[PDB]
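Reading through the structure tokens given below for one structure.
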RNA sequence: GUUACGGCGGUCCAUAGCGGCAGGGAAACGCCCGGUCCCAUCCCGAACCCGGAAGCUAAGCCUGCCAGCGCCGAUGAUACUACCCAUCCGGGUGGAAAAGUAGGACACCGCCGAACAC
RNA sequence: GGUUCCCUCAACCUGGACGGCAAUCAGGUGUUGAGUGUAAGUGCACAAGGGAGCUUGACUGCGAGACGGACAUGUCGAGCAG
RNA sequence: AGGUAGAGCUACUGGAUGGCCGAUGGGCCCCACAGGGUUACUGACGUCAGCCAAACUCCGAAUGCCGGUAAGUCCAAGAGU
Ligand SMILES: [Zn+2]
């Protein structure tokens, strides 16, 4: 007798890369995910594989819009 | 109503053996047609050659 | 091979610009398609080789 | 013997034996009950042996309720083999019992026979238990 | 029914939490809460042996009279927290009431009488809901099974209620079920 | 007594238009620099607005309720052209050069298109 | 400025929904009449589109009142837990649920436009 | 596949020639229980699901800034011009 | 930002105890067909009460992790890069 199991795949390192309050540049990756668990907000775009990246520099802020979790970028002001 | 797909439609005229006549539109190309039983003729509505031979030979 | 690799060549300059795959049972004929040709500088009809 | 018709997963981890019971700690159907006082896996064979002990004692009249079902399976690998090469095939079905859980229930016109019948069944279970009633 | 309220001495707690409640119970006390239409809860402490005496004789829905540091209050027992194993009273919710007020209360129903000898009496619903005055709650309700024959459903709509008491739960609750007594062959096929 | 059984055509028409107007708004939106031109068409009149969606405030507005538009002797399409010209005058007076057309969930063509083409040659570009 | 008025938007998007009873047509929003013209049906002027104003607020819409179903929901207590005591039980300091109870609730806010008034 | 526009299922109840639990028609309730080429998971009713018209971006030269990482690999990307 | 401990299930997928009502069925009589009841009977769906789950979730901590900030240690951690 033996086992017919024993396979698996490499961990894909998903999750949230920049948390709320972090200051980011433009084009920087924020969330890596399979579906749209988080939806794009203001100054945030959706990649081909549903990655969320920043469209403009600022500070990350998580919000909600009609029951949808969204990620927004707020423009920290110049000194 | 699309042009070149519907059957050619003609204003017709219906005639019955009891003298009752109509004027309706149908697909009959002749523009007229005769019917041997109509609303006024039928016993079910009004409540009222093989059988002609019964009264012919026997009477 | 059901889905072999095919090469699309420009009608005008005959340069081989693109390579792709098509089903040779669903599409028994040579694929005809318009793609950008760098040599001509414009979108030209391309045909399978 | 009590056996589920089907289960999605046939080989499972062992049920945890920590804490006391959250629900099922009160007598709802009958007038007398058996309340557990220890953690154990009650096998489907000890339930059959314990509800026939109640049936014999009360003879004809009365009704018996079993509030726990042997759902979760435990495996057992083939005898006289080294460790490794898979996980054993399921062999017995148990019920995870925590202290405070009420296992059996009984309705019977008189009290002396009812409490004796339930005592005959506590001696078939691998735990300590006590007889409780519907009153407070 | 007129019930003389039971007098109980209550002390306002100085410290709350789980460290202070455990210490309070170690001194023969029970934490309590007094909310209602006063709309500002009071955290009290009650004697453990005196509280249990009131519940033992006058039922679970006992009307009370708390002496909160010199102020008299009419209160009704709303809920209890009882340990499954040690069988304690870990807490007590108290609702403020005033005379002439209607409250919704669950009282217990009891089955008295001996039916036909070839029957077994099975009680499905332990308690039923009523709506009575604050100081007029019946301590218990009774039904009679005397000569009841074979399969009959005694329903919650046929319970005899005192005056000023109105049934709240629907009148189609199967409270008492009288059925034919199971035989020896019917016992061995139940639970196999 | 009487009790209606189904849904009226007006109820179906109203929810269907807002259903396909919110689909439109997933792309177009108003800004202070590029405001959104919203059109409401009815069986009798036609209304327009110039909305800034950051604040949710209306910049300019014209409608066929006005007495000047009622003086036109033409048909409904003639009233749309008058309204289309009156929104390019008020928008450019307020300081607006570019807009985006929110067709309101109606099919583009007829009264909606005549209003847009009248406001295109009058100065507003979109 | 007022309004049982019409649109465009919001809010950690139901405290806003479902259902029930009674009411409104000034301008608007609707049903409504018709298919000559732009336009349309995998058949159908039902829908989209166009041209109108005989009828009606019966429906959509709007207003008021209901706690039947949904929804929100404390305080206190408990489960759990980080650290620390504790020779196999258990306890102290800090955090603190889910369920249930008292209750809340038949939405609130912003910008334009109408008719009346000034 | 790209784009533009339109639509809302599964289930149940009721009425219908063959026809029945179930084919096609009609009316009502129905907020996602259907479906997404292909396993499972995260998603999608705002539709990423259903239908139609045109079409080849299933491009050329590039690419700020990032994810992940022993190394070699791998992945996302606004935007500029043809 | 999570989804473990816990808890909950007419909130989904499965397991599952006892009542009530009862279409489907064995049937018997409705003389054969349609034709109603009949039965310690078999009992769907629904509903009342008590439950269960690493690959269940309407919910949901304590810790841990990411970032900002004010201090502390600062003749030293003999720190970090
Ligand atoms: Zn070429």
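Chains as they are written, first to last, in the numbering used here: chain F, 5 to 83; chain S, 7 to 65; chain Z, 60 to 108; chain G, 570 to 705; chain L, 821 to 1012; chain D, 4 to 129. Built from N, CA and C at the ideal position, the CB exists for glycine as well.
Are any of the Cβ atoms in chain G nearer than 8 Å to that of residue 942/L? The residue given as residue 942/L occupies position 122 in the fifth chain. With 8 Å as the cut-off, residue 942/L counts as an interface residue toward chain G.
Where residue 970/L falls: helix, strand or coil (DSSP): Taking the first residue of the fifth chain as position 1, residue 970/L is located at position 150. Correct three-state label for residue 970/L: coil.
Distance cut-off 7 Å: residue 55/D Cβ against heavy atoms of ligand 1: Against the sixth chain, residue 55/D aligns to sequence position 52. Because no heavy atom of ligand 1 lies under 7 Å away, the Cβ of residue 55/D does not count as near it: no.
With a threshold of 8 Å between beta-carbons, can residue 597/G be considered close to chain F, or not? Here residue 597/G refers to the residue found at position 28 of the fourth chain. Not one chain F Cβ lies under 8 Å of residue 597/G.
Would a check of beta-carbon distances place residue 7/F closer than 8 Å to chain G? For the purposes of this step, residue 7/F is taken as the residue at position 3 of the first chain. Yes - at least one Cβ of chain G is within 8 Å of the one on residue 7/F.
Tell me whether the beta-carbon of residue 685/G lies closer than 8 Å to the beta-carbon of residue 626/G. Along the fourth chain, one-based indexing puts residue 685/G at 116. Along the fourth chain, one-based indexing puts residue 626/G at 57. Yes, the Cβ-Cβ distance between residue 685/G and residue 626/G is below 8 Å.
Report the CB separation of residue 774/L from residue 917/L in whole angstroms; it is logged as a contact under 8 Å. What is shown of chain L runs 821 to 1012, which leaves residue 774/L out entirely.
Could you tell me whether any non-hydrogen atom of ligand 1 is closer than 7 Å to the CB of residue 102/Z? Here the question's residue 102/Z lines up with position 43 in the third chain. Outside the cutoff, so no.
Under the rule that 16 or more other beta-carbon atoms within 10 Å means buried, what is residue 651/G, buried or exposed? By one-based count along the fourth chain, residue 651/G stands at place 82. Burial call: exposed.
At a cut of 8 Å, does the segment 39-59 of chain F reach the segment 71-82 of chain F through at least three beta carbon pairs? yes
Using 8 Å as the Cβ pair cut-off and three pairs as the minimum, do the segment 899-909 of chain L and the segment 959-975 of chain L touch? no
Would you say residue 989/L reaches chain G, if we count a Cβ-Cβ gap shorter than 8 Å as a contact? Sequence index remark: in the fifth chain, residue 989/L carries index 169 (1-based). No, residue 989/L lies away from the interface with chain G (no Cβ there is under 8 Å from its Cβ).
What is the DSSP secondary structure of residue 855/L, counted as helix, strand or coil? Your numbering for residue 855/L matches position 35 in the fifth chain. Looking at residue 855/L - three-state DSSP - the assignment turns out to be strand.
C-beta atoms of residue 52/S and residue 46/S nearer than 8 Å: The sequence position of residue 52/S within the second chain is 46, counting from 1. The sequence position of residue 46/S within the second chain is 40, counting from 1. Contact flag set, yes.
Please confirm if residue 580/G has its CB atom under 8 Å from at least one CB of chain L. Position 11 of the fourth chain, counted from the first residue, corresponds to residue 580/G. Judged by the 8 Å Cβ criterion, residue 580/G is not in contact with chain L.
Please confirm if residue 698/G has its CB atom under 8 Å from at least one CB of chain L. In the fourth chain, the residue the question calls residue 698/G occupies position 129. Closer than 8 Å: no.
Relative to chain F, which residues along the segment 652-679 of chain G have a C-beta separation below 7 Å, given in chain order? 654, 655
Which of the residues in the segment 969-983 of chain L, read from start to end, lie with their CB under 7 Å from any CB of chain G? none
Look at the alpha carbon of residue 23/S and the alpha carbon of residue 64/S, and state the distance between them as a whole number of angstroms. Translated into positions along the second chain, residue 23/S becomes position 17. Translated into positions along the second chain, residue 64/S becomes position 58. Approximately 26 Å, taken between the alpha carbons.
Using a Cβ cut-off of 8 Å (strictly closer), state whether residue 948/L contacts chain G. One-based indexing of the fifth chain puts residue 948/L at position 128. Not one chain G Cβ lies under 8 Å of residue 948/L.
Local conformation of residue 677/G per DSSP, three classes: For this step, residue 677/G is matched to residue 108 along the fourth chain. The answer is coil: DSSP assigns residue 677/G none of H, G, I, E or B.
Taking 8 Å as the CB-CB cut-off, is residue 619/G touching chain L? On the fourth chain, residue 619/G is found 50 positions in, with the first residue counted as 1. Not a single CB atom of chain L sits nearer than 8 Å to the CB of residue 619/G.
Ligand 1 heavy atoms versus the CB of residue 74/Z: any closer than 7 Å? Start at 1 with the first residue of the third chain, and residue 74/Z comes out as number 15. Checking every heavy atom of ligand 1 against the Cβ of residue 74/Z, one is found closer than 7 Å.
Can you tell me which residues form a DSSP beta bridge with residue 658/G? Position 89 of the fourth chain, counted from the start, is the residue given in the question as residue 658/G. In the DSSP output, where bridge partners are listed per residue, residue 658/G has 645/G.
With DSSP as the reference, identify every bridge partner of residue 32/S, one or two as the case may be. Position 26 of the second chain, counted from the start, is the residue given in the question as residue 32/S. Beta-bridge pairing by DSSP links residue 32/S to 16/S.
So what does residue 949/L bridge to, in DSSP terms? For this step, residue 949/L is matched to residue 129 along the fifth chain. Answer by DSSP bridge pairing, in chain order: 926/L.
As assigned by DSSP and simplified to three states, the class of residue 44/F: Here residue 44/F refers to the residue found at position 40 of the first chain. Strand.
Between residue 628/G and chain L, is any beta-carbon pair separated by less than 8 Å? Locating residue 628/G in the fourth chain gives position 59, where the first residue counts as 1. So, interface residue.
How would you call residue 673/G, buried or exposed, if buried means at least 16 neighbouring beta carbons within 10 angstroms? Counted from its first residue, the fourth chain places residue 673/G at position 104. When all chains shown are included, residue 673/G counts as buried.
Close-in-space but distant-in-sequence residues of the same chain around residue 926/L (CB under 6 Å, 5 per side omitted): Your numbering for residue 926/L matches position 106 in the fifth chain. So the list reads 947, 949, once near-sequence residues are dropped.
What's the C-alpha gap between residue 869/L and residue 848/L? Reading the fifth chain from its first residue, position 49 is the one you call residue 869/L. Reading the fifth chain from its first residue, position 28 is the one you call residue 848/L. In a straight line, the C-alpha of residue 869/L is about 7 Å away from that of residue 848/L.
Starting from the C-beta of residue 634/G, find all residues in its chain whose C-beta is less than 6 Å away, skip the five residues before and the five after it, and write them out in chain order. If you number the fourth chain from 1, residue 634/G lands on position 65. 598, 599, 674.
So, are the CB atoms of residue 580/G and residue 656/G less than 8 Å apart? In the fourth chain, the residue the question calls residue 580/G occupies position 11. In the fourth chain, the residue the question calls residue 656/G occupies position 87. Yes, Cβ-Cβ distance for residue 580/G and residue 656/G is below 8 Å.
Under 8 Å between C-beta atoms, does residue 1008/L make it to chain G? Residue numbering aside, residue 1008/L sits at position 188 when the fifth chain is read from its first letter. Chain G contact via Cβ: present.
For residue 573/G, the three-state DSSP class (helix, strand or coil): In the fourth chain, counting from the first residue as 1, residue 573/G sits at position 4. If DSSP states are grouped into helix, strand and coil, residue 573/G belongs with coil.
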